[PDB]
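These notes are about the structure you will find just below.
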Amino acid sequence: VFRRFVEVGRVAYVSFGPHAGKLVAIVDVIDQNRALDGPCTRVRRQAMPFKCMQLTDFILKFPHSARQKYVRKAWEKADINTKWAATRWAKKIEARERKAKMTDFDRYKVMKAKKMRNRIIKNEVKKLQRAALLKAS
Amino acid sequence: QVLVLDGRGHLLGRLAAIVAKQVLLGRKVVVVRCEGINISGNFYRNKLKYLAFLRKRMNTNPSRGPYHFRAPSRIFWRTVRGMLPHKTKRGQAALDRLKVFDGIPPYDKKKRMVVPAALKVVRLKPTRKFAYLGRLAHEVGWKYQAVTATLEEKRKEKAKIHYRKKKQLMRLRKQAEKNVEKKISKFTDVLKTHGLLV
Amino acid sequence: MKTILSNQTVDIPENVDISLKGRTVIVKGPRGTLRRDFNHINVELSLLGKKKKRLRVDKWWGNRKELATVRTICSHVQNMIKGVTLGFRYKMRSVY
Amino acid sequence: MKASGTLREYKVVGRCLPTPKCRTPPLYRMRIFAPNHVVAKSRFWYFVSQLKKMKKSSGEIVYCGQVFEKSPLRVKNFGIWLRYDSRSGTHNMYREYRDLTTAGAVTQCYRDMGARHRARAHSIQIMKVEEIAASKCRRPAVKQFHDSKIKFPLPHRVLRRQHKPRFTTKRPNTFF
Amino acid sequence: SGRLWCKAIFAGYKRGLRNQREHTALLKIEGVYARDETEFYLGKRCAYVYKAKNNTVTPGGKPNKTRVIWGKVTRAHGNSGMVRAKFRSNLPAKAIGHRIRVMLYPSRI
Amino acid sequence: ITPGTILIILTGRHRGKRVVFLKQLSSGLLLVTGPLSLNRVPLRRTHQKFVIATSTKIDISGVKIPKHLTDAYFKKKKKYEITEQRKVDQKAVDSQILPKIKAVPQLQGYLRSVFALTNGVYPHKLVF
RNA sequence: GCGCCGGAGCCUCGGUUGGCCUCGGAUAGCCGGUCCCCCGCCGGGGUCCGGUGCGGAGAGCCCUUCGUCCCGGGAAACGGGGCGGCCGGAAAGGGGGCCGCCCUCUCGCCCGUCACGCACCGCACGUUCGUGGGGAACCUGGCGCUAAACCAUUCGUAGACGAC
RNA sequence: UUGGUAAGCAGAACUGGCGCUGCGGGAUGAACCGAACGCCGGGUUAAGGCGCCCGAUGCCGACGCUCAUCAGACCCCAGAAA
RNA sequence: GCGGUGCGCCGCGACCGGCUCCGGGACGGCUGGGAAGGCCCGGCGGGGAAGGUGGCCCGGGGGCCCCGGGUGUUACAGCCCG
């Protein structure tokens, strides 16, 4: 039932650490709990454990003996950023960031809009309630 | 101020330390549903721990000293009394603030919280064995296993019908948004830019 | 150390049809139906291939003590399949 | 021995004072892995006092500097000949490691030997460290990393930072 | 109209193994568990609000039964959430685990 | 502290209200004044400690200020009586405030609203 | 002379500043809809479709009070306030649902136009559940009621005295 | 180091201590460690800990070891062999 | 009006000095007169392997695409030493 396998050359999202909020590819597996690149945000090659990573289901065939040049070429050829934008999780990460950095005046306007939306609920859902009561009785 | 805390698959000491920390700061705690508490170790040691507790008795008069309580709520009250300084007045106030019962009888229709720190899959390994507390209570003398289990099924059948009626209200919630989508489309776009639907 | 993978494939016949749901399988055939739970060992089952021809079992990252319990469950499954297909006839005599 | 943090390399050379009898003492070089140059030179005087007739009062230290690795990206399979002291008697071992840097391999060696056999490094010497080809490796836990076509999941995903939320309603599934 | 004060709880006093110090008070605000997160309330005033039997006068109003004890938040305590404070008069042992007000009008914004 | 921002009044008998800031006086006190219809705020002086600011900066470039008002004018003499000069000055300031706050949509509701906390709101977590 | 339901007043006391009213269990596997196909007096059994760092996200939902005049736009008139029946209701009984009506207007809420309020002029206990709990009398509508225990008198099946 | 086969036994060479000295830790404690004392306010530490009993590891700590059908929790100090 | 002493009660604000704790930024030397890092398979230019890469063969899962095992040193990719 495992869908996402740890495979050599798989794009993974870093959850936390120094490169917080960046994508990385599994270049080499040297130690049991230590992995071993992101050319888009200029991630320098270093070691990283398996705790602060969130893997995705995207791979491509390339040798691991190549340096940063062919990794950057494969990244720009595969164009991972458009698939990351099409991913539904990254479209709501920015929604959570906007909800965090929401202006209080904008929050007041959204609050009044949700008050009007709740009055629309109080009319329309009550009309569905009386319609369901007419269907039942 | 009232927190209802579930006790399914929760450890003794790990949950008890968190409850003893939160009660002394001041918060009404209702510990509910203590029947699936498991302790690490095999069935020999988890039985001989209680057997050593039975052997630690009073020789002159056993009707004055320790009492070997059979109820799991009273066992939890015993270990909370052992952890807390119950001689102090703040401990006596924590006894009034704390509320412990077995099963779930009068406010059964409430949502309850789960402490993840005392969880079995979090703390213990899945290869470890365990022993049940209600089975040991029924073997030592607690007679209300068949009384509680038949009353537990009565609230599960009521929650089966009510959640199905709660599911029926959820179809009416999404279908009402489809009918009135002409006028709320301006109200939809102002929430999608702020990021509430997505 | 923890061995990463030790697979053991089972070539079940066509007459033995199974349908797993979690760690609970059902076995049918010419005669007899037997069921057994497999929640305690916490392993991974995989019924692969078109028309369900073979079964696969996994034990990811287990040591020498935990990998020893994997092969015996395959023997119990083969004994269950033998009991469904052929059966068990035990003959025995009395001594006085 | 205080294994404070990672290890550092020090190319230490030293000799004795110029005598009126002989022109110069024979110079020697030692690559000491130590936390700092003070204990690097201390272990240098330790091994020199064990091997040759030389004392720290009648002697001198020529150079003690750090040189870095010329290939940090390339993987190297090291093999360390362990000389240690047991609680009853003295014995020797040999153990391989897989790490990029020599300092990282030596740093992992102290924690690994202290976990296995309770290595008190005050009287433990390292006589030889050398890189090994992939075919000449002995340990199966080292040789199992040599697999180009490998494809496997993770068995369990344990989560941390549970005291900061402190409350939850649904049960979180650890299957990821 | 509404609530104009956050929920702070008096936790205890600065104490060792056996001795205790009543002059330094320990406070804990609900919803913060970090030293970097409690940096916003450096200099906000605290007030233990209680009531009594006698009717004490109110500045700008009729006399009432309630009384206050003002204080000052100096700096934090511990790793995962605690803050230190010092009042004008020392609190008794009756005021253990009770609700206070956190006056935020000495602002730094 | 910039001219034109929205402030939360604290120390007055009107508290929790959202008042538009005008300018810095020569004495040192923050002269802050809301609409006479919306916020009901007169020409009142506050202090930089007692003022909590809110990041909403409207344009205040095209305004003017009279010179007859000073620090000695807004002094507590003794029975409070509203003079005829204060009403004319408040109307003259409100006539300059009026077109900008009418051009900004849904601003009069935020001005007439009052600040109040609820469950799960702590200002050190979220941002205004 | 005592009590069940609806005034002018008076002592004493403690925490408070909105509720979260709910299936189940898996954790090396689940959540939600159609369920075309069967068993079942209307629920499960599979089949399918989206999600899986969970949006059918408790890091989440709803209430939101500065007030009042007038003209408008969607909004809505089937709705809001209350009286009379019908059910649900006990592990430690809820002040819950629906329908007719004696009664009322298109006002509540979301945006535009205008006017007003002791605007108390720089320093604080404001903001609440409050027909809150306990004790005493003073008042007035509807409605019922005129009790028992102890000391002692006879008892030994009781028994130092009580006590039975 | 002597006398005893060994003791909380006796008798001797060097330093420090109770007696003449309390505080902090070691649960309670003549000798253990650190450090020695006028009365207060601020900042900061040794010895020591940071699941609760009381202030802190509630670090998004690492390496590996151990399942016991009588584990483990500290120098004095309160239990062990082949 | 100038100078000086003091308040019947409760509090707040401001500037100046001293003692502490913390945060945001900017500049410069050394190394092997730093190892290494990205840009023009950098061209010419000789050789070698395996965690065997294109391709070849063997066997089975899908109606023409993938798996495991050998052949191989560049080949429709890397790669270390001059």
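Since chain E takes its numbers from Swiss-Prot, the residues it shows come out as 2-110.
Cβ coordinates are placed from backbone N, Cα and C, and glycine is handled just like the others.
Annotated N6-acetyllysine per Swiss-Prot: E:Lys8, E:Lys63, in sequence order, evidence recorded as similarity to another entry. The feature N6-succinyllysine is assigned by Swiss-Prot to E:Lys63.
For the modified residues E:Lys8, E:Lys63, the greatest number of Cβ atoms within 10 Å around a candidate Cβ is found at E:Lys8.
Mapped onto three states, the DSSP output places E:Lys8 (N6-acetyllysine) in coil.
The two recorded residues, the residue listed as 'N6-succinyllysine' and E:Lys8 (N6-acetyllysine), have Cα atoms 27 Å apart.
E:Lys63 (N6-succinyllysine) falls within a strand when secondary structure is assigned with DSSP.
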